[PDB]
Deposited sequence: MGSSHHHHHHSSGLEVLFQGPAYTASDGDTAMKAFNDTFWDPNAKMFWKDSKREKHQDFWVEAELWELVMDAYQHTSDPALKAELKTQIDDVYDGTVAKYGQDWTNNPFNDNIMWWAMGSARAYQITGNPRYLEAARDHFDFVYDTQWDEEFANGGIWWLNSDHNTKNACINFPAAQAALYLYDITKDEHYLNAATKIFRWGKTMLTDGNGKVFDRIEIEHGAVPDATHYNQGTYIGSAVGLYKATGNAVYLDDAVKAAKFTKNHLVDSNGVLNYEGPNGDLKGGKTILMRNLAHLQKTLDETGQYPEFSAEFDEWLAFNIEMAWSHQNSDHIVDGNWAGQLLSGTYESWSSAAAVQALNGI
């Protein structure tokens, strides 16, 4: 019941049923940012997939549609006017998942049209020998936060359509990103800036989307190297993006990063499921499971009386992005 309790509390605190959007914080003065709203959309989907309560499941399934509808009312159906390719791709990825859950073809169309806009027009072979640009306005940097989500979105589209076009895209994007945006041992770099080079700053959400795309490529291709890729990035996270007690770091004050544990936990759950199914990396699997469970318990021990957990997991206004990670964590496998 913990996942159910956490999701219900999150909705009670942050869901606006009038605007069909999440509030940015408990003051209820501003709705959540566009890109983060896609991530909260995926949280609703994860809760939907996790719960065993048929009543809550039906409510969450409806909410999947309402989140899309509330966003389209404010931002339109065509997001290609947004200069941030990642903003577009986070929504394309969400849309692909919403299709999988609802079977509603509008989500497949949203996913495919937006993925195609970004991949077909924003991939470049010249700078850095490959990669998708962060922006469709100015072309100055190629970033983990667009490239690995794009590989994930391609993998969802492959699974849905069976069109090898999308597997080929995922393979190509990931190969480039592994080569140019990692150290080869699981540290994912933030971006490569033209006239500068790589910026080797690691963050939770970029570890996460790298891990998720690697797991998805493992499953689609049968090539064990991808599982090894995922494990190295999980190990790096567990050892190097934690405090002295092994609790995942707080990445504030940056507003985009503060909630990044949400994306990380979503993707660590994918790795956990694949390790459990396959029996591969059994020693690491045991250590990883124990460490995940520890993080989750520590986070939830800081819940307030309304069952909301601030995103500083080691320690009056609660924010929906920062608070989402603890909810995500209870709505995994």
Exercise. Quickly check which stretches of the deposited sequence aren't in the model, judged by C-alpha, and list them in order.
Key: 1-25, 341-344
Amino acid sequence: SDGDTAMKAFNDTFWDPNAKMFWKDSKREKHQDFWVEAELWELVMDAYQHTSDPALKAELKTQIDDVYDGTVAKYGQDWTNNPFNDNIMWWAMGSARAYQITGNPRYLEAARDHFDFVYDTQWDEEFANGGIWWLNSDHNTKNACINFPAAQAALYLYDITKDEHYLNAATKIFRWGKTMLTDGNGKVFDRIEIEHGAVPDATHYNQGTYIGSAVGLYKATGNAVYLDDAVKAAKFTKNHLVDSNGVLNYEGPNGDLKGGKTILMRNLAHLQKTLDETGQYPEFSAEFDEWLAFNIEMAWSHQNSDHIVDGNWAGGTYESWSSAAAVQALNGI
From here on, numbers count along this sequence of modelled residues.
Self-check item: Stretch with the greater mean C-alpha B-factor as recorded in the entry, comparing 262-270 against 282-290
Solution: 282-290
Quiz item: Out of 200-208 and 162-170, which stretch has the higher average CA B-factor listed in the record?
Solution: 162-170
Quiz item: From 182, 213, 104, 254, which pick has the Cα B-factor that tops the rest in the entry?
Solution: 104
Self-check item: Top Cα B factor in the deposited entry, candidates 36, 58, 43, 296
Solution: 58
Quiz prompt | Chain-relative CA temperature factor third for residue 235 | solution = lowest
Exercise. State the tercile, meaning the lowest, middle or highest third, of residue 77 with respect to the CA B-factors recorded for its chain.
Key: highest
Quiz item: Taking the entry's C-alpha B-factors for this chain, is residue 100 in the lowest, middle or highest third?
Solution: highest
Quiz item: Lowest, middle or highest third of the chain for the C-alpha temperature factor of residue 108?
Solution: highest
Self-check item: Third assignment of residue 190 from its chain's C-alpha B-factors
Solution: lowest
